[PDB]
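*Asks:* Provided hereafter are the protein sequence and its experimental coordinates.
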Amino acid sequence: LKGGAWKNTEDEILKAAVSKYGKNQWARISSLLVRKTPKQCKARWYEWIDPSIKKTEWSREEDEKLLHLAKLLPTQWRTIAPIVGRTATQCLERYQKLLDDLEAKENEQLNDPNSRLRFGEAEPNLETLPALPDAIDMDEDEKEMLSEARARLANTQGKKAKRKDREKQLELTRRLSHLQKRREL
Amino acid sequence: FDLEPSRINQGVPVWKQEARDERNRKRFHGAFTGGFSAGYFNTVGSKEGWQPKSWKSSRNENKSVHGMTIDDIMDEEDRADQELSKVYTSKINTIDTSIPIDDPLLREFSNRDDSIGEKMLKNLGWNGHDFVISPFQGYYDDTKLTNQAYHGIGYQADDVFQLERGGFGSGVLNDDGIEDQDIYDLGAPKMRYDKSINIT
Amino acid sequence: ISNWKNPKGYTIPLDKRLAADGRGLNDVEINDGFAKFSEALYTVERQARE
Amino acid sequence: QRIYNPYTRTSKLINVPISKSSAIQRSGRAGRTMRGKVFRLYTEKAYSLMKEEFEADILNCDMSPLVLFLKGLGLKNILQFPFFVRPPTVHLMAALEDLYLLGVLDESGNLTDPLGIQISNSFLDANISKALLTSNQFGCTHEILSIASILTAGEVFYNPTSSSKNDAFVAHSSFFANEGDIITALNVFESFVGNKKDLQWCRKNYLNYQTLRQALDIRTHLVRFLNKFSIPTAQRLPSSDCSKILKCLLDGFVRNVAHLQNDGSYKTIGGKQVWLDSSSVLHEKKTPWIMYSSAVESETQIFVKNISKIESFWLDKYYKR
Amino acid sequence: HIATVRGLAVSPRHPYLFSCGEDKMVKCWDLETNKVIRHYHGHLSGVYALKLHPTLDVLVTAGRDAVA
Amino acid sequence: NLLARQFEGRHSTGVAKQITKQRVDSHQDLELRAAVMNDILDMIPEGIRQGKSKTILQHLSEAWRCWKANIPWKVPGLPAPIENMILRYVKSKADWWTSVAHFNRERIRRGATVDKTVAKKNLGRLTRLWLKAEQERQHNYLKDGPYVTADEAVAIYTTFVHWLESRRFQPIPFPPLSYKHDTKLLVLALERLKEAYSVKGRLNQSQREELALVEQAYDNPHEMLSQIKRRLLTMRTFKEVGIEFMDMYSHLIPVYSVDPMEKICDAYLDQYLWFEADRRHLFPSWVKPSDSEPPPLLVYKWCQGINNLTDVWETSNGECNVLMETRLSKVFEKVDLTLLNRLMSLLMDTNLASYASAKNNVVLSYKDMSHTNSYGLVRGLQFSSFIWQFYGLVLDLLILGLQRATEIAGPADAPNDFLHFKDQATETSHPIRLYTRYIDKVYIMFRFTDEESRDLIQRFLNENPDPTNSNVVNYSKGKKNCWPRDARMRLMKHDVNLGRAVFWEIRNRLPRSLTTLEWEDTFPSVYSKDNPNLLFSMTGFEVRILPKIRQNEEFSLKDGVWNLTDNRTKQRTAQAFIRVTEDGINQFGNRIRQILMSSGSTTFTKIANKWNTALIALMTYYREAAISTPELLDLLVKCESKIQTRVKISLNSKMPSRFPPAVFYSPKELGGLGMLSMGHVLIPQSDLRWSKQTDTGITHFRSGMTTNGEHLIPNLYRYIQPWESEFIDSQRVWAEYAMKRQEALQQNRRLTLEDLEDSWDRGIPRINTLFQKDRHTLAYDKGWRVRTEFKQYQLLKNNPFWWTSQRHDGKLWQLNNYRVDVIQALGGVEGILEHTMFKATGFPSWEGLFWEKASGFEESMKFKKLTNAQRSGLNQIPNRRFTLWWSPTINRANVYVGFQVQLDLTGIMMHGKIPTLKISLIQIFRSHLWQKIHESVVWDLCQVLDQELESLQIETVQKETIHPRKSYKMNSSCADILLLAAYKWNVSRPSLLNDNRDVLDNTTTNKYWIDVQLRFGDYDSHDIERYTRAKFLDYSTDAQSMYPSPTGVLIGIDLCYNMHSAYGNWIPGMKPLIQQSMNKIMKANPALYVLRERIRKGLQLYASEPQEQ
RNA sequence: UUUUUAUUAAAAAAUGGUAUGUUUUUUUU
RNA sequence: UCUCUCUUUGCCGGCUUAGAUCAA
């Protein structure tokens, strides 16, 4: 239906649509992607796609900054994220990884994930995951949406400006016919 | 009449179907069809006009002046709805249909709606006394049990999760809400109410 | 280059669109009182629990 | 599986827990070439409750053909026949009342006139055979013969699931009949033999050639069946009025009539609320009076098939006599 | 005034106060009643200046229509 | 001017066009652009390539848009002078923008505008302004650190810990996997989410996703419970939350839109937390609202609780009572999230506390604006009700102190009642007698001795010296001006000082970092030897308590006066005078105003339903308070009149004659609008000189809504039981039920129905709720009243019944006699139907008929995409049906003014224009129906003469070929069927078809003719006997007459009421033939039949239930 | 202590709902 | 001084509630 896993083609069409349209026309961008909603497109752009996100490995300075902030403001990742420099989901996942790593290094020499163990694993948030690599024949509906997107990105010329040029062409054809009739007369 | 080009509909069900077009144009006509014009052009008359026929009565010339009939004064909508509104007779269908008889209690009081079929059973020599039933009827009970709800065989389900005045309309596009229910209520007398409650 | 509209097509690369904002000039820092606040709260929590 | 309702003359596809025998067959299917394991998604306590063997189709189908068979053999009392399992009497009675109102049985329940025996000799159902047998009085057996052959053979149109749906629609777009699917089927059948039995033509027009061949075999055997009664089979209607074909059909589908309601549904003569199937051409034409053949019922809507329009005064004159 | 006021002039020989604005109309305020009494209408666009002739009973206004 | 324009031309060139309030913005833009071009052309030096104006204008527009969206707009390469000039002009434009927003919002609040567009524009402007301010506030919070200092936080945490351990509170655990009540809490949450939507097709993408998720949860619940618990344990970052404001025209409500799955998880957590907390006794009975009472019962409980205090009204020794109402000023905005998290970890599990705290730190986005919420508290979350209710239990301990809170609440194992103490020793040991927090409003009752009051005033005046006696100038901010003075507070110096001192002390009790008390929201009312009336305003009620001791006056014990009894002496000691607050009156007025201007107000039925719901929601909340308030009576009159005026205008004629009360107030099943009425009453009047200073008796009555003629439209309030009577009956019924339950428990019987038939639907929690099918699931729905009230921050649709739930309280009002009483008032069913087109339908009797809501054609197009004109027509169709039903009264002859114009090719006379009626009547006669009917009637008339073709006057009989335009012309009529006699007869004055004692031997006549003319009668004039008599006496007596015979016969047909009559000279045989033949005709003509069915289809009025059925 | 008097309204046009734009020659030499 | 090519080369639709909305 709607949603999914953000295949690489969808991410690329999102980047091109932001190139051509801007960051304040998410409904128009989401018209390109049949399987996604404007909220989902905006969420992916602001959570994964936009170039401002630093997807590189964690430097040590930002790691200690993250530790200090996570101590200062318990929870509250949406405000920790701007100060750290990464996104909120990145900060939360990094903090959880540090806690799990400390527990693993603790086990060699010897937090209650048992509460988190009593249930299943955390279901990953769809918009924050890396895009699925595309298959050689990535089905066929994607080709259809790619063709529509390609026609969309370069169409330009407005919508109803196609009437005036056509009318000029028809007038040129009719005047050419009139002149040709006169010369054959 | 070529039924118009039928390719226009294609798929695209109701909520994306453009608008009905009387003459391949987007426009309603008729007072009760949504148009701001009714009749010919907001008028009673017609394109050609209308004249009464000549009259002459001399006890032999009025014989050519016959009476008046239903069809001669109606139009295409009127005839269409006259055909639509003709429902009567039936009779024979109603006598041999529906639920003739079943279960011992109904045989006694309820009239056997089978009627002529009782004579047919006389032809079969039913002589049932105690009636005979078949496990299909236990499957006919399945017509009144469930169709399953995508659950497992042993799933016991839960009892909290199963669920099942007039005037003019507010407008078909104006929807429903807390606003549009009967303020005057006297329904649900006791079927929603218990007859007793445990005290302990 | 506007975040809102452009009547013609004129695709603009992401570097120019990104560079056109005052996000950098608006500083991102946190006051020093948050530290003292959090330490006091954690200490009183531990003391009250014990 | 499928269950038919005599009270409503419908059929519905319902989910049922499998029988014990099916469970053993499913378990034993794996393991043919090497050792295999089965994982049945329930508990043995659940297995302890299902009924052992699925009921017969003689107990889960339409018995109207069966009663014709016994009456043709000469069995006055159906109870005398040695049934392996007694069929439900109420179903037998539904079939018998249907046959009586159909005219194949008299007030005494015996076959009526040459009509009854001739219907008994027919392989098809008594409802469809009536049109063929009464077509001799009107000299138009051929088009009714084609209609019956198309109906018994099955669906003669092919609906692709890909983008070819528009192409299939345009291919059929030449043969949209204002009067319903039945005359549309007649036109398709008439022009099918008129295209040299070209298989490429059948592909191009999205027409099921296999169904048409099977209809050809059915009609040939029914021609032999009519010739058994010395009925000529060169009778065609030279006039475009399909009205008398419709008289024969209304004699054949007396019970299956309905008229449009304001809510978009149709009231069967038997007071049943039905909805038109999307496949039929007359999906939204709002035809005042309609006539169908088969009813398939879903959990909320009862759907009808083989849609054909009719006029009220035909029904009135037919019912009055 | 509907838009910005761009020019005022207190007549030294009448108890009047003329004003003009980018709303294209010139008003004559009667300072004895504090109410507008006269309207001077012809101006295709906003009016940017207003001056009163020292001797005659005449006033001059100039605006965006390139016309005084 | 017309002739000059005809002979001259437009002269359009060279003319100016004034700015007319629609060109203001588009002209202000031109002037600003020209000014910026001028400045550009100036600041650029010579020879610097002047071709740069357009780009600078684009930069200016972008800067303006960035300012509107609160974005920095910092451009790298722009030269400094251009940047400075752009900033200057942007600031100018922004100041203009803000000034216009201020002005228009004030105008909207007053009520001077009715534009839908202006309201929407101003809502957008205010949303942008508030969001800019809020973003700045969050930035300042991050900059300036936590406003609550470390010392304050430590003190708050310590006092909360000590309070919790004093009650031995057991912390809420994480919901285990094996939890008995999981399905019940889940189903309750799912029902409350579904209550928002309906079966309509207006569900957008988010609403459709919500419905799909709810259906999936019902179909398969257990993995949904598992998913909910998994997200509670693991998820800590959430999607953005949309923010918008809902316009109340006097304040704006912020509505938070949350994601579907997160909504489900929040709802389950809400239900679980509220159920667990109630079981563990977390909230100490002074937090409100509660499941125990609706707000009116809460007001009643304070009247009674105030009256039951020991020696409360005694003032012999200088004791004083101060009842301070106040609002915690900005307390939702100041919920420090980290302190909130640490506090919440005390109440519940660390995982639940972390989830609830991190759920409040979201990203709020309105359009292109967006900011992160890191300081305040988001009220749109489902569990936000619980979160606020215990953070406000913390403020309660700050205001009260731990000892007084423990005294008030009582022991944990044996909690006190609402406003009762364990004993008088504890009750009188502290000045604070009563306390109650209603969400964010605080009500405290103080009881001072002489020394305590004097010491408090002395302390207050030591720090706040008052040399000029300025404490009296601004004490009551016009709050209690509703009361007549001598019933307000008397501004004695000592009492004013005492009230201000109490406010000063209580305000000093609260840290400024987390809340404050504003004097403009606080009114401490003092009762002492000087002023006798205790005054307070709770919820929407204004209350004045006057003890019997201080009365010294006699007044009528009105319906709106509550008798306060004393539990010690079992006798009435005080009276509480109840009336609606000015805020409530304004709220109802604004509610009607937004009903009038909305999308759905197009159809008459919808606006009638809107009015009914609003009126019921008002009159059932303020039951007798709305009666004691003389402002609501006139407001109700005014607003009901304009609700009727909307219907009048939509028909393009607001003449009062056209719309008798039967059109509006007849029940829906009869074709009327079914409007409830409350403004058809006399408004009492008293002398205005002595009305603002004393309560004078009602000496005069001013009429309310006027009903033309003698009509008594029943009042809605007369079918609503007043609150005091309902409370008394409630107490009685619940006491007797308790005794009957005891006497059924003492034996081994089972309490049953038909044992309570006497008290079946009585008691504020109706007795019906005991024997309810869904009474086992509802035992786990807890904290529902607070949740229902908080639902206003989640949904954009206003909830009328926010104070009650039919599931828990029962149907508190039963309005069914209103139908029968208003049918009798309007004149019965026959009197009502006299106004309609019922007779034209030809239906025999009214009992079987019914209406069809939709025409099917409407149903088909209810989803298809349509043009605005087509949508307009679909909305107009029911109005057309309604107008056709009430045609005889709307198209009535007795009108004040209106040009009398005939409908073409038709005999209907139309007064006015009324386009809807005209189009309906055109449709009813869409072919040449009128003249066809006239010919088919004369044809059926001739055939019956061809039968009786051998009688008197049979010498000649001929029906002339009349002029085609004779049927629809009432200036004169040409001839019809002709009769000339072969002999001479004696006839007398022409007579009706009714007399048998008729003399026919007066004159000697020979010949007669018979003619028929058609009439479409109206309500005012439809007696066809007089019509035909006068018509015959006119047409025959007229000097010119195309009638051959000097005398004859005239018959008339009334198409609207299908009656008939005749007036003409009679011969034996002729009269019986017409008497027998007309009746057979009028049931058999094709013309009359087709008219009747085409009317029937236009009305959608069908016959009885199927005759087969 | 006997009696009273007090009576708002009110219909037409455009928005608004059979868009619009096009469209026929007497000289050459 | 011609011809060809390259390189350097300063360079030449507006407004409002983002107007409002959007499931095969």
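*Replies:* The structure has been received and is ready for your questions. Numbering: from 1, shown residues only, chains lettered A, B, ... in the order given.

*Asks:* gap between the residue nearest to residue B:175 when sequence neighbours are not counted and residue B:81?
*Replies:* Computed as C-beta to C-beta, 6 or more residues apart in numbering or on different chains, the closest residue to residue B:175 that is not its neighbour in sequence is residue F:200, at 3.8 Å. Every C-beta, even on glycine, is put in place using the N, C-alpha and C of the backbone. As judged by C-beta to C-beta, to the nearest Å, residue F:200 and residue B:81 stand 30 Å apart.

*Asks:* ok, the residue in chain E that chain F sits nearest to - contacts?
*Replies:* Residue nearest to chain F within chain E: residue E:22 (4.7 Å; C-beta to the nearest C-beta). Residues in contact with residue E:22, defined by C-beta atoms under 8 Å, 6 or more residues apart in numbering or on different chains, are E:3-4, E:6, E:46-48, F:27-28, F:31.

*Asks:* can you rerun that using 10 Å?
*Replies:* Residue E:22 sits next to E:1-6, E:45-48, E:63-64, F:19, F:27-28, F:30-32, F:34-35 when contact means C-beta atoms under 10 Å, 6 or more residues apart in numbering or on different chains.

*Asks:* out of these, which end up buried?
*Replies:* E:2-3, E:6, E:45-47, E:63-64, F:19, F:27-28, F:31-32, F:35 (16 or more other C-beta atoms under 10 Å in any protein chain shown).

*Asks:* can you tell me which of these is closest to residue F:876?
*Replies:* Comparing these against residue F:876 with C-beta to C-beta places residue F:19 closest, at 35.7 Å.

*Asks:* which residues of chain A lie near chain C?
*Replies:* A:15-16, A:18-25, A:49-52, A:68-69, A:71-74, A:79-80, A:82-85, A:153-158 (C-beta under 10 Å from any C-beta of the partner chain).

*Asks:* ok, which of those also contact RNA strand H?
*Replies:* With C-beta under 7 Å from any atom of the strand as the criterion, the residues of chain A next to chain C include residue A:24 near RNA strand H.

*Asks:* any of the residues of chain A next to chain C buried? List them.
*Replies:* A:16, A:18, A:20-25, A:49-50, A:69, A:72-74, A:79-80, A:82-85, A:153.

*Asks:* among the residues you listed, name the ones in helices.
*Replies:* Members of these lying in helices (criterion: DSSP state H): A:16, A:18, A:20-21, A:69, A:72, A:79-80, A:82-84, A:153.

*Asks:* among those, which two are most distant?
*Replies:* The two members of these with the most space between them (C-beta to C-beta) are A:72 and A:153, at 45.3 Å.

*Asks:* what is the end-to-end distance of stretch B:148-165?
*Replies:* Start to finish, the residues bounding stretch B:148-165 are 35 Å apart (C-alpha to C-alpha, to the nearest Å).

*Asks:* give me the buried positions along it.
*Replies:* Buried, per 16+ other C-beta under 10 Å, within stretch B:148-165: B:153, B:161.

*Asks:* now do it: distance to the chain's middle.
*Replies:* Distance, stretch centre to chain centre, for stretch B:148-165: 31 Å (C-alpha atoms, centre = their mean, to the nearest Å).

*Asks:* so which bits of chain A are right by RNA strand H?
*Replies:* Counting by C-beta under 7 Å from any atom of the strand, the residues of chain A near RNA strand H are A:24, A:26-28, A:34.

*Asks:* format these as TSV; extra columns: distance to residue D:60.
*Replies:* Output for the residues of chain A next to RNA strand H, formatted as TSV (distance: C-beta to C-beta, whole Å):
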residue	distance to residue D:60
A:24	63
A:26	56
A:27	53
A:28	56
A:34	44
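
*Asks:* can you say which of these are buried?
*Replies:* A:24, A:26.

*Asks:* give me the subset of the residues of chain A next to RNA strand H that also touch chain F.
*Replies:* Among those, chain F is touched by residue A:24 when using C-beta under 10 Å from any C-beta.
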